[PDB]
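Visitor: Before I ask anything, let me first share the structure, which is written out below as structure tokens.
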Amino acid sequence: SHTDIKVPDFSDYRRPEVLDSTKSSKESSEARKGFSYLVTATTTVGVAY
Amino acid sequence: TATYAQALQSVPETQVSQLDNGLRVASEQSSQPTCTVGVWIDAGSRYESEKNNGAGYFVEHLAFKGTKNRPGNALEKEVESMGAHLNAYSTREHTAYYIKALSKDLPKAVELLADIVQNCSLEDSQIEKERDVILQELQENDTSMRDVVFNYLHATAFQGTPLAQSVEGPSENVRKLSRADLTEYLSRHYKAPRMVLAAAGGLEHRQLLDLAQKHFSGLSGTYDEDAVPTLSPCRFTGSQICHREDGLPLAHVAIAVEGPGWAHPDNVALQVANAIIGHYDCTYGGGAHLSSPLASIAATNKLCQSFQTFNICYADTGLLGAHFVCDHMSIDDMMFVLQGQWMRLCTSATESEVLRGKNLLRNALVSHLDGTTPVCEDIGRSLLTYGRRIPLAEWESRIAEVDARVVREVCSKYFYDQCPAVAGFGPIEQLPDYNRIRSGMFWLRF
Amino acid sequence: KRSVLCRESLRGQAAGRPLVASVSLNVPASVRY
Amino acid sequence: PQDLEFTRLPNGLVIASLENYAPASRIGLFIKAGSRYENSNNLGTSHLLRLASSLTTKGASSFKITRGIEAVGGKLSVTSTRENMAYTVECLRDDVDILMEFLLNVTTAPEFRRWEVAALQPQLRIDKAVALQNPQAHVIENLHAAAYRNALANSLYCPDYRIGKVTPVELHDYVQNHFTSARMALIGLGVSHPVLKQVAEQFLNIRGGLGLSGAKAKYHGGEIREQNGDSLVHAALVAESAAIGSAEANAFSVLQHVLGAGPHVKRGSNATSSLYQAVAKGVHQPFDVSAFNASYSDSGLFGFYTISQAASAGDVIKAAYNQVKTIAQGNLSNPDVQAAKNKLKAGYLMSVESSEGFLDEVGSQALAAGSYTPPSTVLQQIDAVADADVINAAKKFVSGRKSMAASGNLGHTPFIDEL
Amino acid sequence: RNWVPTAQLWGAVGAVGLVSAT
């Protein structure tokens, strides 16, 4: 009964880099952290000024 | 006199051998009375399509009810009258049938097992009797929050991959499942090289090898055109699946970050790190004086009922983290102390600490191997997992290579800033927000 | 609590030397026969 | 390569040792105190002591004991039954000595401190609470209480009303009277016997005679009935078994197995089980049942255990009795006793194929007989049972004072007069 | 442990911060 469960289709919301049903995301996501933390970094640096 | 090391080197090597079709033959000898022969087939739940999602698991129920050579109750009455025990276990990557018996019973044992793997007399009656039973089992599985939650963890860990299905198999498929389909399943996946026939105890390898009924073999390619991985990576996803049911007394949370496959230097080092966190229960005698600060804190502050760290090894991926059971008002502190132990592990490991968690691992990994059945398993599984090796004695060497820096750098790859995969079953109302869990993976403060 | 609805039942107690043996360990804990 | 080595001292404590090949060594002092050693006034002390094994003792504080063993990755189980109390200790070959000093303080210089022992009290509820989630535990307990009047009846789990009451003197006393020289048996599964005995001799020499507790045996047929709302009902029905390590006994175990239904097969049903066949034919679809067999030093209990549904209770209960009645009416052909026997023999060896099994097996004999009987001789004794013998022992259940215990909705559970 | 390294980067940051900021 709890086995007829299926996680929704997330394709629309996810992205490029991690969209591959059948491949690793570990060698994808490294950067995907860096871009997001890059925005933070900037934000902080500009605000500092 | 004799000392740990010594012992280690003096343990009976495991003999791997191979039949023409690729039938793998292993065995550890001790010349002692009972044996546990087993066939460890490795096509599990992760090869099943959406339909046959619980196909394997169904075969299992049929495995012991007949063989063209032994209709009805034959199997069982044969096993029984010897005094042998027959078990079937099925995972998402490995099915396995094995026999426990008296060592002089190999003759009939191994014949029975081999018979079982290949000929399975399955009539419409048995299919329709086994449907009703598995539908009932599913109903009972739902009663289990540990089970219900770990399924969830796989589902969300691996959304949208074949590996995130329930071994048991989606309710309704069971109903629908076509009788033909069982065939195709077996046919296609029970073809060694996949399978290994392993065994431990009083037998002579020589005989085992010989005794293997060479009856059907891998009907597969001789070149690279097979090379298309049946074992294609499963995409890693850091999601949560929260399933609230304030009608249940306690709370079940499984939190894990993705890890490596079965084979990796980092993968023993992890274990030594989980050695440190530990695993705790309402009934542990040491409560507050436990050495794992997680333990100590739930002991002392009635923070949890039972928690347990795990490292779920798979080919292409893993699941690694803790699991805790607790009150509805405790979820967040538990989550806090846990992740906090992770973090402090990759930045502040002390040689003393790792050293103790090292030793523990030794013991867990020696003590499990007491007995014939455990040792069979190690052998069978170990050859589809890590290939043919029997790393047992190496272990202590590998385990021994762990300076606390090793444990700390290994730890940070997987934990540090990785998106955890989360699953709980209400009352989760207090279970952290995904963003909170996540920032729980780095260390600015807390 | 685990649901006991089906054929699966197989619990009944009778071992050789030990009978109704309950263990309380510093780490683990349980109830056997 | 070297077989075990028993040694009975002047004190009367037995010790054994096998230097095994593998990297695992486990010591385990068996003291003769069971639950049967308490009185109306003492009940629940065994249990609290069992849970009390990491408290401060003379040479080791509760912190050192716990952290100690952790330091090394070692276990310390404390196990007990109605007759005995196995204190087990597992660790790596190189650390036996650090560990054995622990085992000796835990057992020999326990210091029950008013404050440490109060802190534990609660733990008893928690423990009992978890153990009483398997109907087997409350029924099986309530069976002992009903079939016995005085000694073996007192259960393993503290009584609800005695929990916070179990005072330190009580634990002191219980250690001093029962944890003594005559009642112990050291056992090692990877230790040197020459070094083991030295240690034994240095630390285990304490005096105490039996039954400063109130030892004695007696069997009284009774019924203890617990009503529930659960859909399933469990009941046991048992008569005085044969005694421990005697022929009768051994005959019972054989016969137990002719009916005895402890599935050898996963998802498999028993073709061999007579009870199951018999019950099963007059029985519904869902239902499970098994022969029960219990032997202790001065008494036993033999019979069966049912798990039926509300309305089937009776049908399954009498069904099984009737079939065991068939064996006592003579009806039992040779083919089935040999199977049974081989079943048994295969069982006992497998029981011993493990360190933890082996160590139990050895420690247990130690306390009953005074030595270690090897497997081979054991196998010979079971074999000696006569096809008739079994019948005879069976005749005894049927014509032996009944004692039953149930749990659930009991509108359909026979009483003594009902069967 | 990791504190020296981390205390060293934390000391750096305060330094450059003053220097620049101030």
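Chain labels A, B, ... are given in the sequence in which chains occur in the structure tokens; within each chain residues are numbered consecutively from 1, and ligands are likewise numbered from 1 in the order shown.
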Using only C-alpha atoms, which protein or nucleic acid residues come within 12 Å of residue 97 in chain B? Drop anything in the same chain fewer than 6 positions from it, and give the result as a PyMOL selection string.
Guide: (chain B and resi 36-42+59-64+85-91+110+112-118+195-199+373+376-377+380-381) or (chain D and resi 265-266)
Visitor: How about saving the chosen residues, N, CA, C and O atoms kept, as a short mmCIF file (atom, residue, chain, number, x, y, z; two decimals), in the first residue's frame?
Guide:
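New file part.cif:
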data_model
loop_
_atom_site.label_atom_id
_atom_site.label_comp_id
_atom_site.auth_asym_id
_atom_site.auth_seq_id
_atom_site.Cartn_x
_atom_site.Cartn_y
_atom_site.Cartn_z
N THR B 36 26.29 -24.83 5.73
CA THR B 36 25.28 -23.89 5.24
C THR B 36 25.60 -23.62 3.77
O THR B 36 26.39 -22.75 3.42
N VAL B 37 25.06 -24.48 2.92
CA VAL B 37 25.34 -24.25 1.50
C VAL B 37 24.38 -23.21 0.95
O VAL B 37 23.18 -23.18 1.22
N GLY B 38 24.91 -22.35 0.09
CA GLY B 38 24.04 -21.35 -0.49
C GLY B 38 24.38 -20.94 -1.90
O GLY B 38 25.49 -20.62 -2.33
N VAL B 39 23.28 -20.67 -2.59
CA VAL B 39 23.30 -20.05 -3.91
C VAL B 39 22.90 -18.57 -3.78
O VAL B 39 21.76 -18.28 -3.42
N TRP B 40 23.81 -17.65 -4.04
CA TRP B 40 23.64 -16.21 -3.97
C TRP B 40 23.47 -15.53 -5.33
O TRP B 40 24.35 -14.85 -5.86
N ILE B 41 22.27 -15.56 -5.88
CA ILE B 41 21.96 -14.94 -7.18
C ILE B 41 21.94 -13.44 -7.12
O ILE B 41 21.35 -12.85 -6.20
N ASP B 42 22.52 -12.71 -8.08
CA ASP B 42 22.47 -11.28 -7.87
C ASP B 42 21.61 -10.41 -8.71
O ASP B 42 21.83 -9.19 -8.88
N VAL B 59 8.90 -14.42 -7.01
CA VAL B 59 9.54 -15.71 -7.26
C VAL B 59 9.87 -16.37 -5.93
O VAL B 59 9.46 -17.51 -5.70
N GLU B 60 10.49 -15.65 -5.01
CA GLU B 60 10.84 -16.04 -3.69
C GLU B 60 9.80 -16.85 -2.95
O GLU B 60 10.15 -17.78 -2.21
N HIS B 61 8.53 -16.47 -3.08
CA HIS B 61 7.46 -17.19 -2.42
C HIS B 61 7.18 -18.56 -3.05
O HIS B 61 6.56 -19.41 -2.43
N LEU B 62 7.56 -18.62 -4.32
CA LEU B 62 7.43 -19.83 -5.09
C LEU B 62 8.65 -20.71 -4.99
O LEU B 62 8.56 -21.93 -5.13
N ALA B 63 9.80 -20.11 -4.76
CA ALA B 63 11.06 -20.82 -4.69
C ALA B 63 11.01 -22.19 -4.03
O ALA B 63 11.56 -23.14 -4.60
N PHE B 64 10.35 -22.31 -2.89
CA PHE B 64 10.26 -23.54 -2.14
C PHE B 64 8.98 -24.33 -2.25
O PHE B 64 8.79 -25.08 -1.26
N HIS B 85 17.41 -26.45 7.37
CA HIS B 85 16.60 -25.25 7.31
C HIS B 85 16.84 -24.55 5.98
O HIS B 85 17.96 -24.53 5.47
N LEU B 86 15.78 -24.01 5.41
CA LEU B 86 15.90 -23.42 4.08
C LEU B 86 15.40 -21.98 4.07
O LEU B 86 14.20 -21.83 4.34
N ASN B 87 16.27 -21.03 3.77
CA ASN B 87 15.84 -19.64 3.77
C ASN B 87 15.97 -18.91 2.45
O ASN B 87 16.88 -19.14 1.67
N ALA B 88 15.06 -17.98 2.16
CA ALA B 88 15.09 -17.12 0.99
C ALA B 88 15.12 -15.68 1.46
O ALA B 88 14.28 -15.23 2.23
N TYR B 89 16.05 -14.91 0.96
CA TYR B 89 16.10 -13.47 1.31
C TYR B 89 16.24 -12.67 0.04
O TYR B 89 16.84 -13.10 -0.96
N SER B 90 15.56 -11.53 -0.08
CA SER B 90 15.69 -10.84 -1.39
C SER B 90 15.97 -9.38 -1.14
O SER B 90 15.33 -8.81 -0.24
N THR B 91 16.96 -8.78 -1.78
CA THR B 91 17.29 -7.36 -1.57
C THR B 91 16.97 -6.57 -2.83
O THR B 91 16.24 -7.01 -3.74
N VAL B 110 23.02 -29.71 -1.71
CA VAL B 110 23.38 -29.08 -2.97
C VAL B 110 22.51 -29.50 -4.15
O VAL B 110 22.39 -28.70 -5.08
N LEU B 112 19.32 -30.25 -3.94
CA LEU B 112 18.07 -29.60 -3.61
C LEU B 112 18.08 -28.12 -3.98
O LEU B 112 17.16 -27.61 -4.62
N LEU B 113 19.15 -27.46 -3.56
CA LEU B 113 19.37 -26.04 -3.83
C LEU B 113 19.35 -25.73 -5.33
O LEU B 113 18.62 -24.85 -5.76
N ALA B 114 20.17 -26.46 -6.06
CA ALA B 114 20.35 -26.37 -7.50
C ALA B 114 19.02 -26.63 -8.21
O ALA B 114 18.63 -25.94 -9.16
N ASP B 115 18.30 -27.59 -7.67
CA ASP B 115 16.97 -27.94 -8.15
C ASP B 115 16.04 -26.74 -8.04
O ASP B 115 15.43 -26.32 -9.02
N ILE B 116 16.08 -26.13 -6.87
CA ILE B 116 15.30 -24.96 -6.46
C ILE B 116 15.51 -23.74 -7.35
O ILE B 116 14.54 -23.19 -7.91
N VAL B 117 16.76 -23.34 -7.56
CA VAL B 117 17.09 -22.26 -8.48
C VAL B 117 16.54 -22.46 -9.89
O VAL B 117 16.14 -21.52 -10.57
N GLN B 118 16.58 -23.67 -10.44
CA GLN B 118 16.19 -23.90 -11.82
C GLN B 118 14.76 -24.35 -12.03
O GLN B 118 13.98 -23.79 -12.80
N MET B 195 24.95 -15.57 -10.51
CA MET B 195 24.88 -16.48 -9.38
C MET B 195 26.29 -16.91 -8.93
O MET B 195 27.10 -17.22 -9.80
N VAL B 196 26.48 -17.13 -7.65
CA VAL B 196 27.54 -17.83 -6.96
C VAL B 196 27.02 -18.94 -6.03
O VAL B 196 26.10 -18.77 -5.24
N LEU B 197 27.62 -20.11 -6.07
CA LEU B 197 27.24 -21.17 -5.12
C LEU B 197 28.39 -21.21 -4.11
O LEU B 197 29.58 -21.25 -4.45
N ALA B 198 28.06 -20.72 -2.91
CA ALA B 198 29.13 -20.63 -1.92
C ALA B 198 28.79 -21.54 -0.74
O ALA B 198 27.64 -22.00 -0.66
N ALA B 199 29.79 -21.79 0.11
CA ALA B 199 29.51 -22.51 1.34
C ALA B 199 30.65 -22.58 2.31
O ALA B 199 31.79 -22.21 2.01
N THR B 373 26.27 -19.89 8.93
CA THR B 373 25.42 -19.15 8.01
C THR B 373 25.92 -17.75 7.68
O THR B 373 25.92 -17.21 6.57
N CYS B 376 28.78 -18.15 5.31
CA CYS B 376 28.34 -18.35 3.92
C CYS B 376 28.10 -16.99 3.27
O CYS B 376 28.89 -16.56 2.40
N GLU B 377 27.08 -16.28 3.75
CA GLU B 377 26.73 -14.97 3.25
C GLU B 377 27.93 -14.13 2.84
O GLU B 377 28.09 -13.77 1.67
N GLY B 380 29.24 -15.54 -0.31
CA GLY B 380 28.39 -15.42 -1.49
C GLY B 380 28.35 -13.97 -1.92
O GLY B 380 28.87 -13.48 -2.90
N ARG B 381 27.72 -13.17 -1.07
CA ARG B 381 27.55 -11.76 -1.38
C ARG B 381 28.87 -11.12 -1.77
O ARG B 381 28.93 -10.49 -2.83
N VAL D 265 11.64 -24.01 7.07
CA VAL D 265 11.51 -23.37 5.77
C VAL D 265 10.86 -22.00 5.76
O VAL D 265 9.75 -21.80 6.25
N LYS D 266 11.48 -21.01 5.13
CA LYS D 266 10.87 -19.69 5.02
C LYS D 266 9.67 -19.75 4.07
O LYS D 266 9.68 -20.40 3.02
#
Visitor: For chain E against chain B, with a cut-off of 12 Å and counting only C-alpha atoms, what is the closest atom pair and its distance in Å to one decimal for every residue that makes the cut, ordered by chain and number, as a Markdown table?
Guide:
| residue | atom | partner | partner_atom | distance |
| --- | --- | --- | --- | --- |
| E:1 | CA | B:348 | CA | 6.4 |
| E:2 | CA | B:347 | CA | 6.0 |
| E:3 | CA | B:348 | CA | 8.3 |
| E:4 | CA | B:348 | CA | 11.3 |
| E:5 | CA | B:347 | CA | 10.7 |
| E:6 | CA | B:347 | CA | 9.8 |
| E:10 | CA | B:444 | CA | 12.0 |
Visitor: Just the strand (DSSP E or B) stuff from range 160-281 of chain B, please, per backbone DSSP, written as a PyMOL selection string.
Guide: chain B and resi 196-201+240-243+251-257+279-281
Visitor: Calculate how many Å separate CA of residue 167 in chain B from CA of residue 43 in chain B, rounding to one decimal.
Guide: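 Taking CA of residue 167 in chain B and CA of residue 43 in chain B, their separation equals 11.7 Å.
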Visitor: Which residues of chain D are close to chain B, meaning at most 8 Å apart when you count only C-alpha atoms, and how do they look as an mmCIF file with N, CA and C atoms, in the first residue's frame?
Guide:
data_model
loop_
_atom_site.group_PDB
_atom_site.id
_atom_site.type_symbol
_atom_site.label_atom_id
_atom_site.label_comp_id
_atom_site.auth_asym_id
_atom_site.auth_seq_id
_atom_site.Cartn_x
_atom_site.Cartn_y
_atom_site.Cartn_z
ATOM 1 N N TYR D 21 41.301 -20.938 16.949
ATOM 2 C CA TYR D 21 42.134 -20.360 15.919
ATOM 3 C C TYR D 21 41.846 -18.892 15.591
ATOM 4 N N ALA D 22 40.568 -18.575 15.458
ATOM 5 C CA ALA D 22 40.046 -17.280 15.104
ATOM 6 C C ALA D 22 40.286 -16.185 16.145
ATOM 7 N N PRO D 23 40.170 -14.941 15.691
ATOM 8 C CA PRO D 23 40.446 -13.732 16.400
ATOM 9 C C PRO D 23 39.496 -13.328 17.505
ATOM 10 N N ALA D 24 38.469 -14.070 17.863
ATOM 11 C CA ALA D 24 37.452 -13.700 18.833
ATOM 12 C C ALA D 24 37.526 -14.418 20.163
ATOM 13 N N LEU D 51 19.980 -5.799 35.243
ATOM 14 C CA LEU D 51 20.024 -4.494 34.591
ATOM 15 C C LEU D 51 21.076 -3.606 35.266
ATOM 16 N N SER D 53 24.398 -3.983 35.841
ATOM 17 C CA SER D 53 25.737 -4.488 35.662
ATOM 18 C C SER D 53 26.793 -3.484 35.304
ATOM 19 N N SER D 54 26.438 -2.216 35.134
ATOM 20 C CA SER D 54 27.444 -1.200 34.812
ATOM 21 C C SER D 54 27.472 -0.128 35.897
ATOM 22 N N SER D 62 31.421 3.213 37.339
ATOM 23 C CA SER D 62 30.442 2.934 36.306
ATOM 24 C C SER D 62 30.895 3.581 35.001
ATOM 25 N N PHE D 63 31.541 4.724 35.106
ATOM 26 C CA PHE D 63 32.118 5.400 33.959
ATOM 27 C C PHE D 63 33.258 4.598 33.335
ATOM 28 N N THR D 66 32.008 1.292 31.630
ATOM 29 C CA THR D 66 31.375 1.490 30.345
ATOM 30 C C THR D 66 32.404 1.949 29.308
ATOM 31 N N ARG D 67 33.008 3.100 29.611
ATOM 32 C CA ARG D 67 34.008 3.662 28.706
ATOM 33 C C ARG D 67 35.184 2.736 28.374
ATOM 34 N N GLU D 70 34.071 0.214 25.960
ATOM 35 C CA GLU D 70 33.942 0.895 24.663
ATOM 36 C C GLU D 70 35.309 1.085 24.044
ATOM 37 N N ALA D 71 36.268 1.497 24.866
ATOM 38 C CA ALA D 71 37.608 1.825 24.398
ATOM 39 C C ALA D 71 38.146 0.743 23.456
ATOM 40 N N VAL D 72 37.761 -0.485 23.727
ATOM 41 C CA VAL D 72 38.163 -1.716 23.124
ATOM 42 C C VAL D 72 37.143 -2.382 22.234
ATOM 43 N N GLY D 73 35.919 -1.866 22.182
ATOM 44 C CA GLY D 73 34.952 -2.457 21.257
ATOM 45 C C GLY D 73 34.374 -3.747 21.792
ATOM 46 N N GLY D 74 34.281 -3.805 23.127
ATOM 47 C CA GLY D 74 33.806 -5.043 23.752
ATOM 48 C C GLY D 74 32.358 -5.032 24.202
ATOM 49 N N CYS D 91 35.315 -9.737 23.436
ATOM 50 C CA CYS D 91 36.239 -8.674 23.034
ATOM 51 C C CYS D 91 37.350 -9.279 22.193
ATOM 52 N N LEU D 92 38.311 -8.481 21.755
ATOM 53 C CA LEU D 92 39.388 -9.030 20.934
ATOM 54 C C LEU D 92 40.467 -9.715 21.760
ATOM 55 N N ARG D 93 41.092 -10.715 21.151
ATOM 56 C CA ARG D 93 42.106 -11.564 21.756
ATOM 57 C C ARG D 93 43.109 -10.785 22.598
ATOM 58 N N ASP D 94 43.553 -9.623 22.143
ATOM 59 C CA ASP D 94 44.517 -8.819 22.847
ATOM 60 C C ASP D 94 44.004 -8.098 24.067
ATOM 61 N N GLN D 123 14.347 2.038 34.958
ATOM 62 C CA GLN D 123 14.801 1.177 33.888
ATOM 63 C C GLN D 123 14.030 -0.132 33.830
ATOM 64 N N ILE D 126 10.688 0.242 31.766
ATOM 65 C CA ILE D 126 11.110 0.284 30.372
ATOM 66 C C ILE D 126 11.462 -1.080 29.788
ATOM 67 N N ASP D 127 12.341 -1.814 30.454
ATOM 68 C CA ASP D 127 12.674 -3.173 30.139
ATOM 69 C C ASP D 127 11.470 -4.122 30.063
ATOM 70 N N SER D 192 43.513 -19.177 27.575
ATOM 71 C CA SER D 192 44.419 -20.188 28.095
ATOM 72 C C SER D 192 43.858 -20.764 29.393
ATOM 73 N N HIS D 264 11.181 -25.047 9.331
ATOM 74 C CA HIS D 264 12.593 -25.150 8.943
ATOM 75 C C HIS D 264 12.778 -24.372 7.639
ATOM 76 N N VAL D 265 11.638 -24.010 7.070
ATOM 77 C CA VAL D 265 11.512 -23.372 5.771
ATOM 78 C C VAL D 265 10.856 -22.000 5.762
ATOM 79 N N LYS D 266 11.479 -21.008 5.125
ATOM 80 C CA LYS D 266 10.865 -19.693 5.016
ATOM 81 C C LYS D 266 9.671 -19.748 4.067
ATOM 82 N N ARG D 267 8.511 -19.357 4.577
ATOM 83 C CA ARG D 267 7.310 -19.203 3.755
ATOM 84 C C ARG D 267 6.747 -20.584 3.455
ATOM 85 N N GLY D 268 7.417 -21.516 4.117
ATOM 86 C CA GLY D 268 7.118 -22.918 3.983
ATOM 87 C C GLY D 268 6.259 -23.368 5.163
ATOM 88 N N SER D 269 5.443 -24.371 4.869
ATOM 89 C CA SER D 269 4.642 -25.026 5.865
ATOM 90 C C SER D 269 5.044 -26.473 6.114
ATOM 91 N N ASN D 270 4.742 -26.887 7.355
ATOM 92 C CA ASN D 270 5.305 -28.178 7.741
ATOM 93 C C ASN D 270 4.455 -29.327 7.247
ATOM 94 N N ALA D 271 5.121 -30.282 6.602
ATOM 95 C CA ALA D 271 4.468 -31.520 6.173
ATOM 96 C C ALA D 271 4.675 -32.533 7.310
ATOM 97 N N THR D 272 5.848 -32.382 7.917
ATOM 98 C CA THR D 272 6.200 -33.255 9.018
ATOM 99 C C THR D 272 5.365 -33.044 10.266
ATOM 100 N N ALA D 339 12.816 -39.650 11.921
ATOM 101 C CA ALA D 339 12.859 -38.316 11.314
ATOM 102 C C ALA D 339 13.084 -37.278 12.424
ATOM 103 N N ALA D 340 12.199 -37.352 13.417
ATOM 104 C CA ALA D 340 12.171 -36.541 14.615
ATOM 105 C C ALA D 340 13.559 -36.421 15.236
ATOM 106 N N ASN D 342 16.603 -37.304 14.000
ATOM 107 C CA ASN D 342 17.535 -36.633 13.093
ATOM 108 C C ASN D 342 17.259 -35.134 13.144
ATOM 109 N N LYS D 343 15.961 -34.801 13.222
ATOM 110 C CA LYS D 343 15.590 -33.389 13.328
ATOM 111 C C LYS D 343 16.286 -32.802 14.559
ATOM 112 N N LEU D 344 16.037 -33.410 15.717
ATOM 113 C CA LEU D 344 16.659 -33.004 16.962
ATOM 114 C C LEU D 344 18.174 -32.866 16.867
ATOM 115 N N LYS D 345 18.857 -33.946 16.500
ATOM 116 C CA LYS D 345 20.290 -34.033 16.393
ATOM 117 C C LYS D 345 20.883 -32.950 15.489
ATOM 118 N N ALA D 346 20.209 -32.727 14.370
ATOM 119 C CA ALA D 346 20.645 -31.661 13.461
ATOM 120 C C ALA D 346 20.551 -30.321 14.199
ATOM 121 N N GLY D 347 19.454 -30.094 14.903
ATOM 122 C CA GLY D 347 19.210 -28.941 15.734
ATOM 123 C C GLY D 347 20.283 -28.678 16.772
ATOM 124 N N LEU D 349 23.249 -29.742 16.896
ATOM 125 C CA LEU D 349 24.630 -29.440 16.440
ATOM 126 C C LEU D 349 24.696 -27.988 16.024
ATOM 127 N N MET D 350 23.703 -27.568 15.245
ATOM 128 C CA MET D 350 23.591 -26.196 14.771
ATOM 129 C C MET D 350 23.569 -25.230 15.944
ATOM 130 N N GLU D 353 27.134 -24.851 16.683
ATOM 131 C CA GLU D 353 28.035 -24.432 15.627
ATOM 132 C C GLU D 353 28.529 -23.000 15.726
ATOM 133 N N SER D 354 28.269 -22.302 16.804
ATOM 134 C CA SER D 354 28.558 -20.893 16.990
ATOM 135 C C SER D 354 29.287 -20.652 18.305
ATOM 136 N N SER D 355 30.182 -19.659 18.325
ATOM 137 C CA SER D 355 30.893 -19.415 19.581
ATOM 138 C C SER D 355 29.869 -19.235 20.704
#
Visitor: Measuring between only C-alpha atoms, which one of B:141, B:95, B:52, B:31 shows the shortest distance to residue 2 in chain C?
Guide: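 Looking at the shortest contact to residue 2 in chain C, the residue is B:141.
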Visitor: Find the residues near residue 388 in chain B: any atom within 10 Å, counting only C-alpha atoms, skip ones fewer than 2 places away on the same chain, and give them as an MDAnalysis selection string.
Guide: chainID B and resid 14:17 24:26 196 379:386 390:391
Visitor: Tell me, in Å to one decimal, how far CA of residue 390 in chain D is from CA of residue 10 in chain C.
Guide: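 Distance between the two atoms: 24.5 Å.
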Visitor: Could I get the residues of chain C with an atom no further than 12 Å from an atom of chain B, each paired with its nearest atom pair and that distance in Å to one decimal, using only C-alpha atoms, sorted by chain and residue number, as JSON lines?
Guide:
{"residue": "C:1", "atom": "CA", "partner": "B:143", "partner_atom": "CA", "distance": 7.6}
{"residue": "C:2", "atom": "CA", "partner": "B:143", "partner_atom": "CA", "distance": 6.0}
{"residue": "C:3", "atom": "CA", "partner": "B:140", "partner_atom": "CA", "distance": 5.4}
{"residue": "C:4", "atom": "CA", "partner": "B:140", "partner_atom": "CA", "distance": 7.5}
{"residue": "C:5", "atom": "CA", "partner": "B:140", "partner_atom": "CA", "distance": 7.4}
{"residue": "C:6", "atom": "CA", "partner": "B:136", "partner_atom": "CA", "distance": 6.8}
{"residue": "C:7", "atom": "CA", "partner": "B:133", "partner_atom": "CA", "distance": 8.1}
{"residue": "C:8", "atom": "CA", "partner": "B:137", "partner_atom": "CA", "distance": 8.9}
{"residue": "C:9", "atom": "CA", "partner": "B:137", "partner_atom": "CA", "distance": 11.7}
{"residue": "C:23", "atom": "CA", "partner": "B:283", "partner_atom": "CA", "distance": 10.6}
{"residue": "C:24", "atom": "CA", "partner": "B:285", "partner_atom": "CA", "distance": 7.5}
{"residue": "C:25", "atom": "CA", "partner": "B:285", "partner_atom": "CA", "distance": 6.2}
{"residue": "C:26", "atom": "CA", "partner": "B:285", "partner_atom": "CA", "distance": 3.8}
{"residue": "C:27", "atom": "CA", "partner": "B:284", "partner_atom": "CA", "distance": 4.9}
{"residue": "C:28", "atom": "CA", "partner": "B:284", "partner_atom": "CA", "distance": 6.1}
{"residue": "C:29", "atom": "CA", "partner": "B:283", "partner_atom": "CA", "distance": 6.2}
{"residue": "C:30", "atom": "CA", "partner": "B:283", "partner_atom": "CA", "distance": 8.9}
Visitor: To one decimal in Å, tell me the separation between CA of residue 233 in chain D and CA of residue 315 in chain D.
Guide: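 Value for the CA of residue 233 in chain D-CA of residue 315 in chain D distance: 12.3 Å.
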Visitor: Within 9 Å of chain B, which residues of chain A come that close, and what is the closest atom pair and distance in Å for each? Count only C-alpha atoms and give it as a tab-separated table.
Guide:
residue	atom	partner	partner_atom	distance
A:1	CA	B:171	CA	5.7
A:2	CA	B:142	CA	6.2
A:3	CA	B:170	CA	4.8
A:4	CA	B:170	CA	4.7
A:5	CA	B:170	CA	7.8
A:6	CA	B:155	CA	7.5
A:7	CA	B:159	CA	6.0
A:8	CA	B:159	CA	8.2
A:9	CA	B:160	CA	7.6
A:10	CA	B:159	CA	8.9
A:18	CA	B:235	CA	8.1
A:19	CA	B:235	CA	8.6
A:20	CA	B:235	CA	6.8
A:21	CA	B:235	CA	5.7
A:22	CA	B:234	CA	5.2
A:23	CA	B:235	CA	4.9
A:24	CA	B:235	CA	5.1
A:25	CA	B:236	CA	5.6
A:26	CA	B:236	CA	7.4
A:33	CA	B:417	CA	8.4
Visitor: Applying 12 Å and only C-alpha atoms, which residues near residue 228 in chain D remain after dropping the ones on its own chain fewer than 4 positions away? List them as a ChimeraX atom specification.
Guide: /D:135,232-234,310,406-411
Visitor: Could you please write out, as a PyMOL selection string, every residue of chain A that DSSP assigns to helix (DSSP H, G or I)?
Guide: chain A and resi 2-4+16-18+26-48
Visitor: Set the distance at 12 Å and use only C-alpha atoms: which residues neighbour range 41-48 of chain A once local chain neighbours fewer than 4 positions away are removed? I'd like the list as number ranges by chain.
Guide: A: 33-37; E: 17, 20-21
Visitor: Set out as CSV a contact list for chain D and chain C with a cut-off of 6 Å, giving each residue of chain D that qualifies its closest atom pair and distance in Å to one decimal, counting only C-alpha atoms, ordered by chain and rising residue number.
Guide:
residue,atom,partner,partner_atom,distance
D:76,CA,C:26,CA,5.9
D:77,CA,C:25,CA,4.0
D:78,CA,C:24,CA,5.7
D:79,CA,C:23,CA,4.4
D:81,CA,C:21,CA,5.1
D:286,CA,C:7,CA,5.4
D:288,CA,C:9,CA,5.6
D:290,CA,C:12,CA,5.5
D:292,CA,C:14,CA,5.4
D:293,CA,C:14,CA,5.2
